[PDB]
Amino acid sequence: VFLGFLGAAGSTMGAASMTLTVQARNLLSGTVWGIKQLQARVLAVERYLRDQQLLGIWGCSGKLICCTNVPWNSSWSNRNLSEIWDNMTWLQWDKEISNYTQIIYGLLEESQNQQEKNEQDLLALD
Amino acid sequence: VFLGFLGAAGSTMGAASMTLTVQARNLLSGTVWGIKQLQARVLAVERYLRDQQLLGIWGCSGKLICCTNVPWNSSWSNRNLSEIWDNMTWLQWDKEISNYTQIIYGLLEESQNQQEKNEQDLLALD
Amino acid sequence: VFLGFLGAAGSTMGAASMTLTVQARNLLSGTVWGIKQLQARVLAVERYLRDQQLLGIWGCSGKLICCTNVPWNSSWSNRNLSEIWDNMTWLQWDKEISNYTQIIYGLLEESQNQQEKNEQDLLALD
Amino acid sequence: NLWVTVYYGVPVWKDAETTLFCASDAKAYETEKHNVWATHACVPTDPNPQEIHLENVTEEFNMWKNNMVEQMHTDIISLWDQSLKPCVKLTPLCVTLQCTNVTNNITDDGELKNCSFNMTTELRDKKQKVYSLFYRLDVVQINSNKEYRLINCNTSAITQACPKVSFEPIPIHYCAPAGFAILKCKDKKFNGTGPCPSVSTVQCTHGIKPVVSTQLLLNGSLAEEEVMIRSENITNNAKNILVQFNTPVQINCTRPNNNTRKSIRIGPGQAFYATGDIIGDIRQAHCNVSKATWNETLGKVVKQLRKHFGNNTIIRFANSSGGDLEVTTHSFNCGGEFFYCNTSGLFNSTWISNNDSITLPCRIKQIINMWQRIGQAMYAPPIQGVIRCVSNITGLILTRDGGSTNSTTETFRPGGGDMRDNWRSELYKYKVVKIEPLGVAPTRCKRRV
Amino acid sequence: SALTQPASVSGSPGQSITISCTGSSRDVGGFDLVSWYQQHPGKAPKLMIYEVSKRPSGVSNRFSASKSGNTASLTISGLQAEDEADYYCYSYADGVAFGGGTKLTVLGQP
Ligand SMILES: *[C@@H]1O[C@H](CO)[C@@H](O[C@@H]2O[C@H](CO)[C@@H](O[C@@H]3O[C@H](CO)[C@@H](O)[C@H](O[C@H]4O[C@H](CO)[C@@H](O)[C@H](O)[C@@H]4O)[C@@H]3O)[C@H](O)[C@H]2NC(C)=O)[C@H](O)[C@H]1NC(C)=O
Ligand SMILES: *[C@@H]1O[C@H](CO)[C@@H](O[C@@H]2O[C@H](CO)[C@@H](O[C@@H]3O[C@H](CO)[C@@H](O)[C@H](O[C@H]4O[C@H](CO)[C@@H](O)[C@H](O)[C@@H]4O)[C@@H]3O)[C@H](O)[C@H]2NC(C)=O)[C@H](O)[C@H]1NC(C)=O
Ligand SMILES: *[C@@H]1O[C@H](CO)[C@@H](O[C@@H]2O[C@H](CO)[C@@H](O[C@@H]3O[C@H](CO)[C@@H](O)[C@H](O)[C@@H]3O)[C@H](O)[C@H]2NC(C)=O)[C@H](O)[C@H]1NC(C)=O
Ligand SMILES: *[C@@H]1O[C@H](CO)[C@@H](O[C@@H]2O[C@H](CO)[C@@H](O[C@@H]3O[C@H](CO)[C@@H](O)[C@H](O)[C@@H]3O)[C@H](O)[C@H]2NC(C)=O)[C@H](O)[C@H]1NC(C)=O
Ligand SMILES: *[C@@H]1O[C@H](CO)[C@@H](O[C@@H]2O[C@H](CO)[C@@H](O[C@@H]3O[C@H](CO)[C@@H](O)[C@H](O)[C@@H]3O)[C@H](O)[C@H]2NC(C)=O)[C@H](O)[C@H]1NC(C)=O
Ligand SMILES: *[C@@H]1O[C@H](CO)[C@@H](O[C@@H]2O[C@H](CO)[C@@H](O)[C@H](O)[C@H]2NC(C)=O)[C@H](O)[C@H]1NC(C)=O
Ligand SMILES: *[C@@H]1O[C@H](CO)[C@@H](O[C@@H]2O[C@H](CO)[C@@H](O)[C@H](O)[C@H]2NC(C)=O)[C@H](O)[C@H]1NC(C)=O
Ligand SMILES: *[C@@H]1O[C@H](CO)[C@@H](O[C@@H]2O[C@H](CO)[C@@H](O)[C@H](O)[C@H]2NC(C)=O)[C@H](O)[C@H]1NC(C)=O
Ligand SMILES: *[C@@H]1O[C@H](CO)[C@@H](O)[C@H](O)[C@H]1NC(C)=O
Ligand SMILES: *[C@@H]1O[C@H](CO)[C@@H](O)[C@H](O)[C@H]1NC(C)=O
Ligand SMILES: *[C@@H]1O[C@H](CO)[C@@H](O)[C@H](O)[C@H]1NC(C)=O
Ligand SMILES: *[C@@H]1O[C@H](CO)[C@@H](O)[C@H](O)[C@H]1NC(C)=O
Ligand SMILES: *[C@@H]1O[C@H](CO)[C@@H](O)[C@H](O)[C@H]1NC(C)=O
Ligand SMILES: *[C@@H]1O[C@H](CO)[C@@H](O)[C@H](O)[C@H]1NC(C)=O
Ligand SMILES: *[C@@H]1O[C@H](CO)[C@@H](O)[C@H](O)[C@H]1NC(C)=O
Ligand SMILES: *[C@@H]1O[C@H](CO)[C@@H](O)[C@H](O)[C@H]1NC(C)=O
Ligand SMILES: *[C@@H]1O[C@H](CO)[C@@H](O)[C@H](O)[C@H]1NC(C)=O
Ligand SMILES: *[C@@H]1O[C@H](CO)[C@@H](O)[C@H](O)[C@H]1NC(C)=O
Ligand SMILES: *[C@@H]1O[C@H](CO)[C@@H](O)[C@H](O)[C@H]1NC(C)=O
Ligand SMILES: *[C@@H]1O[C@H](CO)[C@@H](O)[C@H](O)[C@H]1NC(C)=O
Ligand SMILES: *[C@@H]1O[C@H](CO)[C@@H](O)[C@H](O)[C@H]1NC(C)=O
Ligand SMILES: *[C@@H]1O[C@H](CO)[C@@H](O)[C@H](O)[C@H]1NC(C)=O
Ligand SMILES: *[C@@H]1O[C@H](CO)[C@@H](O)[C@H](O)[C@H]1NC(C)=O
C-alpha cells in the first residue's frame with residue numbers, strides 16, 4: 001500500500017513490511033537564515049549515506065529486504081513469528097529492542113562479511 | 001569508447017548504449033564567491049544520490065544496465081526495436097516519453113520490489 | 001580481529017584482508033571557525049562517494065571483496081602470490097604499483113562492465 | 001592465470017593536507033565566561049581518547065614541512081580577529097594627552113604616565129575631561145609640559161579587546177574529518193624530519209593550549225625522558241633550536257601593583273576601561289625562576305647541544321641581540337594582561353667542560369600588535385588586583401650565531417618571534433594522511449557471467 | 001678574507017677565462033651556496049651567479065660556474081668590453097664570507 005510517508009506507522013510489522021519502498025523515497029527529498037537549508041541538506045545526505053554504509057557492510061548490499069546467516073540469539077526477546085510480526089508494530093518493536101542494535105550490527109558485519117566474503121573468495125580461488 | 005563526457009550524445013540509442021561508462025564516471029567531479037564552489041559540490045553530491053537512490057529502490061540495484069518485470073504498456077509510444085534502438089537517439093527518446101515517466105518510476109519500484117523482492121523472501125522462508 | 005581503525009596496517013596482506021571491516025565503517029564517521037568542519041564533512045561525503053562510485057562503475061557492486069575478469073598483466077611488477085600476500089603489506093604494495101593504478105582502473109571498468117553487462121543483457125535477450 | 005582483484009577498505013594512506021576541525025573538552029564547558037577567546041562552539045571532544053598502536057610500520061615524519069602548523073597558525077589569527085570585531089573601538093581615544101609622571105620619588109626607571117585628556121562623552125555636544133594611567137611603552141611624546149599620544153594610533157586603528165572574554169589558552173584538539181587519520185609518532189628520541197618506527201593512529205591531536213610565549217615556551221608537552229632539541233638544519237645557525245625540556249621549570253610572574261578599572265564611556269554605551277589610580281605600593285613586574293633548577297636545566301641542554309657540535313666545545317648563552325620588544329624579551333600573556341620580561345639573567349652562562357632565584361625585570365604593554373598585523377592593533381584592558389601566575393617552562397627557542405673562524409667557540413642566543421615555532425613544539429609528532437581504501441591485487445579469483 | 005681568490009685575471013675579448021674561489025671544507029665543500037657578484041668600479045655590486053651553477057635572469061648566461069669538492073670556480077665565456085669590472089665570490093661558511101675579488105681586464109693592459 002502507498003499511504004504516504006510513514007503511512008503504515010501504526011500498522012503491524014507484517015503489513016508495514018510492504019510500505020518500505022515509501023519511507024525510503026522520502027529519505028533524501030529529491031547569507032543568513034539560508035545557512036539553515038544548506039546545513040540541513042548536508043546533514044540529511046550524510047545521515048542517509050551513514051545508514052547506507054551500515055547496510056552495505058552487512059550481507060545485504062540492497063534495500064527493502066535482507067537475509068544472512070547470523071542466528072537470532074534466544075536472549076534477544078525469544079518469541080514466535082506471529083508474536084512479533086503480528087502482535088506488535090515497528091515502534092513497540094524497536095522500543096523493546098533498543099538495547100542490542102549496536103552489538104547486533106557489529107556481529108552482523110564482523111561474523112559474516114569478514115568470514116562469508118572471504119569464504120566466497122577462497123571457494124572461487126580454486 | 002572514451003569520447004569524453006556526452007561524447008555519443010547524437011549517436012543512436014543502440015550505439016550510445018556502450019558509452020554509458022564515461023558519462024557515469026564524470027557525474028561526481030571527483031568568503032563570498034567561494035560559496036559558488038561549495039554550494040555547487042553540495043548540489044552534485046545530492047543530485048547524484050537522487051538517481052542512485054531511485055536506481056536502488058527499483059529492481060535494478062546495479063550499474064549502467066537494468067532489466068525488470070514491468071511490461072511495457074503500449075500507450076508509451078508503442079514502436080519496434082529498430083524504430084527506436086537504431087532510428088532514434090536518447091535526446092529524441094525522452095522528449096517523447098517525458099509525459100508518463102513519473103508513473104513508470106512508481107511501477108518500477110512498487111510493483112517490482114514490494115512484489116518480487118517480497119516474493120524472494122517467501123521463496124526463502126517456505 | 002578488531003584492532004581498531006588501521007589496526008593491521010603493518011601486518012601481512014593476507015592477514016590485512018581480515019581487518020577491512022573496521023576501516024570500511026570509519027571512512028564516514030557517522031559563522032567562522034565552524035566552516036572548517038562544514039567544509040570538511042562535505043569533503044568526507046564527497047570523497048567516500050568517489051570510491052563508492054568507482055566500486056560501482058567496476059564489476060564489483062559489492063563491499064570489501066571483488067573479483068573481475070581482467071587478467072593480471074605481467075608488466076605490473078610480475079611476482080608470485082606468496083612473494084606478495086605474505087612478504088608484503090598494503091603499505092608497500094601501492095608504493096610500487098603507483099604507476100598503472102589509473103589505467104588499471106580503466107581496463108577493469110571499460111572491458112568488464114561495458115562488456116559483461118552487455119553480454120548479460122543479450123544473454124537474457126531470448 | 002592471475003586475475004586482478006579489487007579490495008575495498010585496505011589500510012593504505014598517503015601524506016596529504018585538509019581542513020582539520022577542533023575538539024574541546026566538556027569539563028570546562030561550564031566556564032563559557034561569555035565566549036572565551038578560543039572555544040565557543042567547538043564540538044565536544046571524544047569521551048575516550050582511543051589511540052591505536054601500529055607495528056611493522058614506518059612513516060617519514062617532517063615537523064618542518066608539516067602542513068598542520070600552517071593551518072593552526074592561520075586558524076589562531078583568523079580566530080583572533082573574530083574575537084575583536086564585536087569588541088569596542090578606540091578610534092576617538094588618542095587625543096593630545098597631557099601625560100605627567102605618576103606620584104613617585106627619584107630612581108623610577110617613566111613606565112607610568114598619568115595622562116589626562118578630553119574625551120567625547122555619550123552626548124556628542126558635551127565633552128569630558130578624564131584621566132588615565134598609561135605605560136611608557138604605550139605613549140610617545142608628539143612634538144608648557146610634555147604631550148603624548150598612543151603609540152600605535154597612527155599606522156593602525158586601535159581596538160580594545162572587550163574584557164568579557166578571556167585570554168587563557170584552553171586545550172584544543174585539532175581533529176581530522178572522515179577519511180583522514182592523524183598519525184602520532186610515539187618514538188622517544190626523534191627530532192622530527194625522519195622515519196618513525198612507532199606510529200600510533202590516534203583520533204586526533206592531544207589537548208594543545210594556543211599559548212603565545214616565543215622564547216621560554218610555557219604550558220608545553222615535556223620531552224621524552226631527555227631534553228629534545230629540534231632544528232630544521234643544525235648547520236643553519238638561523239634555524240630556531242626548539243629545546244623541549246624533560247622536567248618542568250617553575251616560573252612565578254607577578255603584577256605587584258594593585259590597579260583599578262575606569263571604564264570611561266566614549267560611546268553611547270561604549271566604555272574605554274582605563275587604569276585608575278594604583279592603590280598601594282608602586283613596584284614593577286617580575287618573573288622568578290629557581291636558580292638551582294634553571295642552572296641544572298641549561299646544563300642538561302649543553303650536554304645534549306654538545307652532541308651536534310664537536311666532541312667538546314664551549315657553549316655560551318647571551319641575552320638577545322636586538323629587534324622589536326617582542327623578540328629581545330620574553331613576550332607572553334598570563335593573567336589577561338601582557339608583559340615583556342628581558343631575561344638577561346636567564347642566558348648568561350658559559351660551559352666549557354662540566355638557594356635563590358633569578359628576578360627578571362618585566363615591562364607591561366597594553367597596546368599590542370602581535371603577529372605584526374600592521375593596521376590592526378589591540379588594546380588590552382587592565383586587570384583589577386595583583387596578577388600572580390605560575391607556569392611551567394618546557395621549551396627554549398634558541399638561535400645560533402658565530403663568525404665561524406675555525407669554530408673555536410659557539411654562542412647560543414634566544415629568539416623565535418614567529419609564533420609558528422610555538423606550534424611546532426606541539427605539532428611535531430603529528431601528521432595527517434588521507435585513507436586510500438581502494439586497492440588492486442592479483443589473485444586466482446575470477447567471477448562468473 | 002676566508003675565501004682565497006686570484007688577485008686579478010687578464011684576457012682578451014672573444015676568448016674565455018676562469019676565476020676560482022678556493023676555500024676550506026666548510027664554505028664550498030660543506031654547503032652548496034656559492035655565489036658570484038659583479039661590481040663595476042664605482043657602482044653597486046650586481047649578482048650574476050648564486051647557486052653551484054644556477055644563475056638569475058639578469059646575467060649573461062655565458063657566465064657559468066661549478067663546485068669541485070673544496071674548490072669553487074667560475075668560467076667566463078664570450079668576453080666583451082663591458083665586463084671590465086671586479087667579481088667577488090660568496091659562500092656560506094656558517095655565515096657570510098666574501099672573496100678577495102678579481103679585477104677583470106679585456107682588450108687592455110694587465
Ligand atoms: C607611528 O609612530 C611610531 C612611533 O613614533 C613611528 O615609529 C617610529 O618612527 C620613527 C620615524 O618617524 C623611527 O625613527 C628612527 O629610528 C631610528 C632608530 O632609532 C633612528 O636611527 C632614526 O634616526 C635618523 O636616522 C637617519 C640618520 O641619518 C635618518 O633616516 C633620519 O635623520 C632619522 O631621524 C629615527 O629616529 C622610529 O624608529 C620608529 N620606531 C618606533 C619608536 O616605533 C611610526 O613610524 C609611526 N607611523 C607612521 C608615521 O605612520
Ligand atoms: C599556563 O597555565 C596557567 C594555568 O594556571 C595560566 O595561569 C593562569 O591564568 C589565569 C588566566 O589568565 C589567571 O587568572 C587570573 O589571575 C588573576 C591573578 O591571580 C586573578 O585576579 C583573576 O581572578 C579574577 O579576579 C580579577 C580581579 O577582580 C578579575 O579581573 C578576573 O576577571 C577574575 O575574575 C584570574 O584568576 C591565573 O592567575 C594564572 N595563574 C594560575 C596559577 O592560575 C598561565 O597564564 C598559562 N600560561 C600561558 C603562557 O598561557
Ligand atoms: C593622576 O592624576 C589624576 C588627576 O589629578 C589623579 O586623580 C585625582 O586625584 C585627586 C586626589 O589627588 C582626586 O581628588 C579627590 O577626589 C575625591 C573624590 O571623591 C574628592 O572627594 C576629594 O575632595 C578630591 O577632590 C580626584 O578626584 C582624582 N580624579 C580626578 C578626575 O581628578 C590621580 O590620582 C593621579 N594618579 C595617581 C596614581 O595618583
Ligand atoms: C644584555 O646584557 C647587557 C649587559 O651589559 C645589557 O647592557 C646594559 O643595558 C643597560 C640598559 O640599557 C645599560 O644601562 C644604561 O647605560 C647608559 C650608558 O652607559 C647609561 O647612561 C644609563 O644610565 C644606563 O646605565 C648598560 O650600559 C648596558 N651595558 C652594561 C655596561 O651593562 C643589555 O641591555 C642586555 N640586553 C637585553 C636585550 O636585555
Ligand atoms: C643541513 O644542511 C646541510 C647543507 O645542505 C646538510 O649538509 C649535507 O650533509 C650531508 C651529510 O648529512 C653531506 O653528505 C655527504 O657529503 C660528503 C661530501 O660531499 C660525501 O662524500 C658523502 O657521501 C655525503 O654525500 C652533504 O655533502 C652536505 N651538504 C653539502 C652541500 O655538502 C646537512 O646534512 C643538513 N643537516 C640536517 C640536520 O639536515
Ligand atoms: C580640554 O579642552 C580644553 C579646551 O579649552 C583645554 O583647555 C585649555 O588647555 C590649555 C592647555 O592646558 C590651556 O593653556 C588653556 O588655558 C585651556 N583653556 C581653558 C579655557 O581652560 C584642556 O586643556 C583640554 N584638556 C585636555 C587635557 O585635553
Ligand atoms: C634586562 O635586565 C638587565 C638587568 O641586569 C639589564 O642589564 C642591566 O641594566 C642596567 C640598567 O641601569 C645597567 O646598569 C647594567 O649594567 C645592565 N647589565 C647588567 C649586567 O646588570 C638589561 O639591560 C635589561 N634589558 C632590557 C631592559 O631590555
Ligand atoms: C586592591 O586594593 C583595594 C583597595 O584597598 C582592595 O579592596 C578593598 O577596598 C576597600 C576600599 O578601600 C577596603 O575597605 C577593603 O579592605 C579592600 N580589601 C582588601 C582585601 O584589600 C582590593 O582587595 C585589593 N586587591 C588585591 C588583590 O589586593
Ligand atoms: C492502524 O491499523 C489499521 C489496521 O487495524 C491499519 O489499516 C492502519 O494503517 C494503521 N495505522 C497506521 C498509521 O499504520
Ligand atoms: C547471546 O546472549 C548471551 C547473553 O545472554 C551472550 O553471552 C551471547 O554471546 C549471545 N550470542 C550471540 C549470538 O550474540
Ligand atoms: C539493556 O538491558 C539492561 C538490562 O535490563 C539495562 O540495564 C540497560 O539499560 C538496557 N540498555 C538499553 C535499554 O539501551
Ligand atoms: C553523426 O552522423 C555521422 C554520419 O552518420 C557519423 O559519422 C557520426 O559518427 C555521428 N555522430 C554521432 C555523435 O553519432
Ligand atoms: C496503459 O495505458 C492506459 C491508457 O493510458 C492506462 O489506463 C493504463 O493504466 C496503462 N497501464 C500501465 C501499466 O501504466
Ligand atoms: C501526454 O499525452 C497526451 C496524450 O497523448 C498529449 O496530449 C500530451 O501532450 C502529452 N504530454 C507530453 C508529451 O508532455
Ligand atoms: C606486524 O606483523 C605481525 C605479524 O604477525 C602482525 O600480527 C601485526 O599486526 C603487524 N603490525 C600491525 C599492527 O599491523
Ligand atoms: C600489458 O603491458 C603491455 C606493455 O606495456 C601493454 O601493451 C598491454 O596492453 C598490457 N595489457 C593490459 C592487460 O593492460
Ligand atoms: C611509471 O614508470 C615510468 C618508467 O617506466 C616512469 O617514467 C613514470 O614516471 C612512472 N609513473 C609513475 C611512477 O606514476
Ligand atoms: C618624567 O618623564 C620623563 C620623560 O618621559 C622621564 O625621563 C622621567 O624619568 C620621568 N620621571 C621623573 C622622575 O622625572
Ligand atoms: C632530525 O632533524 C633533521 C632536520 O634536518 C633531519 O635531517 C634528521 O634526519 C632528523 N633525525 C631524525 C632522528 O629523524
Ligand atoms: C612559585 O611559587 C610556588 C608556591 O610558593 C613555589 O612552590 C615554587 O617553587 C615557586 N617557583 C619559583 C620559580 O620560585
Ligand atoms: C649547574 O648545575 C649542574 C647540575 O647540578 C652542574 O653540573 C653545573 O656545574 C652547574 N653550573 C654552574 C655554573 O654552577
Ligand atoms: C647576567 O650576567 C652578568 C655577568 O656576566 C651579571 O652581572 C648580571 O647581573 C646577569 N643578569 C642578571 C639580570 O642578573
Ligand atoms: C605546568 O603548568 C601548566 C599550566 O597550564 C600545566 O599545564 C602543566 O601540566 C604543568 N606541568 C606539569 C608537568 O604538570
# chains A, B, ... in the order shown; residues from 1 in each chain; ligands from 1
call {"tool": "closest_atom_pairs", "arguments": {"of": "chain C", "to": "chain B", "cutoff": "7 Å", "atoms": "only C-alpha atoms", "output": "Markdown table"}}
result
| residue | atom | partner | partner_atom | distance |
| --- | --- | --- | --- | --- |
| C:46 | CA | B:45 | CA | 6.4 |
| C:50 | CA | B:30 | CA | 5.8 |
| C:56 | CA | B:63 | CA | 6.5 |
| C:57 | CA | B:63 | CA | 6.5 |
| C:61 | CA | B:62 | CA | 6.9 |
| C:110 | CA | B:21 | CA | 6.9 |
| C:114 | CA | B:18 | CA | 6.1 |
| C:117 | CA | B:65 | CA | 6.6 |
call {"tool": "write_last_selection", "arguments": {"atoms": "C-alpha atoms", "output": "short mmCIF file (atom, residue, chain, number, x, y, z; two decimals), in the first residue's frame"}}
result
data_model
loop_
_atom_site.label_atom_id
_atom_site.label_comp_id
_atom_site.auth_asym_id
_atom_site.auth_seq_id
_atom_site.Cartn_x
_atom_site.Cartn_y
_atom_site.Cartn_z
CA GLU C 46 32.20 13.69 -1.48
CA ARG C 50 34.12 8.88 -5.21
CA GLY C 56 30.04 0.67 -8.57
CA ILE C 57 31.30 1.53 -12.05
CA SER C 61 28.81 -3.66 -6.81
CA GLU C 110 35.61 -0.48 -19.59
CA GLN C 114 30.60 -2.37 -20.80
CA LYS C 117 26.79 -6.44 -18.54
#
call {"tool": "interface_residues", "arguments": {"of": "chain D", "to": "chain E", "cutoff": "9 Å", "atoms": "only C-alpha atoms", "output": "PyMOL selection string"}}
result
chain D and resi 235-237+401-405
call {"tool": "interface_residues", "arguments": {"of": "chain A", "to": "chain D", "cutoff": "7 Å", "atoms": "only C-alpha atoms", "output": "ChimeraX atom specification"}}
result
/A:121,124-125
call {"tool": "write_last_selection", "arguments": {"atoms": "N, CA, C and O atoms", "output": "PDB file, in the first residue's frame"}}
result
ATOM      1  N   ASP A 121      35.569 -15.822  -1.668  1.00  0.00           N
ATOM      2  CA  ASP A 121      36.835 -15.604  -2.360  1.00  0.00           C
ATOM      3  C   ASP A 121      37.646 -16.892  -2.451  1.00  0.00           C
ATOM      4  O   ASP A 121      38.209 -17.206  -3.505  1.00  0.00           O
ATOM      5  N   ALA A 124      36.008 -19.444  -4.829  1.00  0.00           N
ATOM      6  CA  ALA A 124      36.216 -19.081  -6.223  1.00  0.00           C
ATOM      7  C   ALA A 124      37.687 -19.078  -6.620  1.00  0.00           C
ATOM      8  O   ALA A 124      37.990 -19.042  -7.817  1.00  0.00           O
ATOM      9  N   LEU A 125      38.601 -19.116  -5.645  1.00  0.00           N
ATOM     10  CA  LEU A 125      40.029 -19.117  -5.940  1.00  0.00           C
ATOM     11  C   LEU A 125      40.497 -20.435  -6.543  1.00  0.00           C
ATOM     12  O   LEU A 125      41.520 -20.453  -7.237  1.00  0.00           O
TER      13      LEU A 125
END
call {"tool": "residues_near_ligand", "arguments": {"ligand": "ligand 17", "cutoff": "10 Å", "atoms": "only C-alpha atoms and all ligand atoms", "output": "PDB file with C-alpha atoms, in the first residue's frame"}}
result
ATOM      1  CA  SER C  75      54.241  -5.702 -16.801  1.00  0.00           C
ATOM      2  CA  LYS C  95      54.230   2.151  -3.436  1.00  0.00           C
ATOM      3  CA  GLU C  96      55.466   0.027  -6.344  1.00  0.00           C
ATOM      4  CA  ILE C  97      52.172  -0.176  -8.281  1.00  0.00           C
ATOM      5  CA  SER C  98      51.632   3.601  -8.166  1.00  0.00           C
ATOM      6  CA  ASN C  99      52.246   3.737 -11.949  1.00  0.00           C
ATOM      7  CA  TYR C 100      49.250   1.982 -13.536  1.00  0.00           C
ATOM      8  CA  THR C 101      46.561   2.410 -10.861  1.00  0.00           C
ATOM      9  CA  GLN C 102      44.809   4.955 -13.082  1.00  0.00           C
TER      10      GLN C 102
END
call {"tool": "closest_residue", "arguments": {"among": "B:104, B:77, B:85, B:112", "to": "ligand 14", "atoms": "only C-alpha atoms and all ligand atoms"}}
result
B:77
call {"tool": "residues_near_ligand", "arguments": {"ligand": "ligand 19", "cutoff": "12 Å", "atoms": "only C-alpha atoms and all ligand atoms", "output": "ChimeraX atom specification"}}
result
/D:58-65,185,187-197,228-236,239-242,308,428-429
call {"tool": "residues_near_ligand", "arguments": {"ligand": "ligand 9", "cutoff": "12 Å", "atoms": "only C-alpha atoms and all ligand atoms", "output": "VMD selection string"}}
result
chain A and resid 1 to 19 86 to 91
call {"tool": "residues_near_ligand", "arguments": {"ligand": "ligand 6", "cutoff": "7 Å", "atoms": "only C-alpha atoms and all ligand atoms", "output": "PyMOL selection string"}}
result
chain D and resi 96-98+116-118+129
call {"tool": "residues_near_ligand", "arguments": {"ligand": "ligand 23", "cutoff": "6 Å", "atoms": "only C-alpha atoms and all ligand atoms", "output": "VMD selection string"}}
result
chain D and resid 219 248 391 to 392
call {"tool": "closest_atom_pairs", "arguments": {"of": "chain D", "to": "ligand 16", "cutoff": "12 Å", "atoms": "only C-alpha atoms and all ligand atoms", "output": "Markdown table"}}
result
| residue | atom | partner | partner_atom_place_in_ligand_line | distance |
| --- | --- | --- | --- | --- |
| D:2 | CA | ligand 16 | 13 (C) | 11.2 |
| D:3 | CA | ligand 16 | 13 (C) | 10.0 |
| D:4 | CA | ligand 16 | 13 (C) | 10.0 |
call {"tool": "write_last_selection", "arguments": {"atoms": "N, CA and C atoms", "output": "PDB file, in the first residue's frame"}}
result
ATOM      1  N   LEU D   2      46.669 -15.370 -13.418  1.00  0.00           N
ATOM      2  CA  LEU D   2      46.483 -14.367 -12.380  1.00  0.00           C
ATOM      3  C   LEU D   2      45.468 -13.326 -12.829  1.00  0.00           C
ATOM      4  N   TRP D   3      44.509 -13.035 -11.954  1.00  0.00           N
ATOM      5  CA  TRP D   3      43.492 -12.026 -12.209  1.00  0.00           C
ATOM      6  C   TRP D   3      43.575 -10.950 -11.139  1.00  0.00           C
ATOM      7  N   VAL D   4      43.379  -9.697 -11.549  1.00  0.00           N
ATOM      8  CA  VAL D   4      43.367  -8.602 -10.591  1.00  0.00           C
ATOM      9  C   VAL D   4      42.066  -8.634  -9.803  1.00  0.00           C
TER      10      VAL D   4
END
call {"tool": "residues_near_ligand", "arguments": {"ligand": "ligand 4", "cutoff": "7 Å", "atoms": "only C-alpha atoms and all ligand atoms", "output": "short mmCIF file (atom, residue, chain, number, x, y, z; two decimals) with N, CA, C and O atoms, in the first residue's frame"}}
result
data_model
loop_
_atom_site.label_atom_id
_atom_site.label_comp_id
_atom_site.auth_asym_id
_atom_site.auth_seq_id
_atom_site.Cartn_x
_atom_site.Cartn_y
_atom_site.Cartn_z
N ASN D 319 72.26 37.25 26.20
CA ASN D 319 70.90 37.83 26.02
C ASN D 319 70.73 38.26 24.56
O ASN D 319 71.75 38.45 23.86
N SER D 320 69.48 38.43 24.14
CA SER D 320 69.14 38.66 22.74
C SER D 320 69.86 39.88 22.19
O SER D 320 70.12 40.85 22.91
N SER D 321 70.17 39.83 20.90
CA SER D 321 70.91 40.92 20.27
C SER D 321 70.06 42.17 20.16
O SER D 321 70.40 43.22 20.72
N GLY D 322 68.95 42.09 19.44
CA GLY D 322 68.09 43.25 19.29
C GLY D 322 66.87 42.92 18.46
O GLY D 322 66.65 41.77 18.07
N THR D 328 63.42 40.58 21.59
CA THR D 328 64.53 40.75 22.51
C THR D 328 64.18 40.26 23.91
O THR D 328 65.05 39.75 24.62
N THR D 329 62.93 40.41 24.31
CA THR D 329 62.46 40.00 25.63
C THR D 329 61.61 38.74 25.50
O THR D 329 61.46 38.16 24.42
N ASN D 342 62.79 40.81 30.09
CA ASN D 342 64.01 40.95 29.25
C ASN D 342 64.88 39.69 29.33
O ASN D 342 65.56 39.38 28.33
N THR D 343 64.86 39.02 30.49
CA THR D 343 65.52 37.73 30.69
C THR D 343 67.01 37.77 30.33
O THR D 343 67.53 36.86 29.69
N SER D 344 67.70 38.83 30.74
CA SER D 344 69.14 38.87 30.57
C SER D 344 69.86 37.98 31.58
O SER D 344 70.98 37.54 31.32
#
